[PDB]
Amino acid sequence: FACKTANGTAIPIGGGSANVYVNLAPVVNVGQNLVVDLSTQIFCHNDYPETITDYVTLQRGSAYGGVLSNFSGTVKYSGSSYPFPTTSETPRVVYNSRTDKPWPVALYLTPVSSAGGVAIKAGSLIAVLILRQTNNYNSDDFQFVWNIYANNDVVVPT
């Protein structure tokens, strides 16, 4: 089991960490959602599907900078919604193929009432997402740590 980003940055067998740089909608009004869809950015595969079934959860999601300060978040994991920053590990997603498959994570961030102006700064850390991988074969239990960075400023109009 290993993962890679849309730009080819990889986290190999045994886990580790990688930076993910995301393009964000430039404008988000109060009452609207800023969508951070990681399913088009993070892809994983099972290295031995003939014998092993891999299980993948979003173990934890933390918010930083402008996201922590200016937004109220939800995380959608494989069709279900949970608070973001996270309060519990999600249920497991099965990886049973060598074909690169999306990690089904998307952040839905709506501005808090105090938000106005530059709510997210270009180049800033916005989130840390921990992918936890286990299997039905041995004791393997690995963390794939994704550091999410904003590629651009996000403005909340006033």
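Throughout, we count residues from 1 along the sequence that is shown.
Comparing against every modelled residue in the chain, figure out the third that the C-alpha B-factor of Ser88 lands in (lowest, middle or highest).
-> According to the entry, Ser88 has a C-alpha B-factor in the chain's middle third.
Which third, lowest, middle or highest, does the CA B-factor of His45 fall in along this chain?
-> For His45, whose C-alpha B-factor we compare with every modelled residue in the chain, the answer is the lowest third.
Would the CA B-factor of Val20 place it in the lowest, middle or highest third of its chain?
-> As the PDB entry reports it, the C-alpha B-factor of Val20 lands in the highest third of its chain.
Ranked C-alpha temperature factor of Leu68 among modelled chain residues, by third | Tercile = middle for this residue's CA B-factor.
Among all modelled residues of this chain, ranked by Cα B factor, put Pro26 in the bottom, middle or top third, i.e. lowest, middle or highest.
-> Lowest third - that is where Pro26 ends up once the chain's C-alpha B-factors are sorted.
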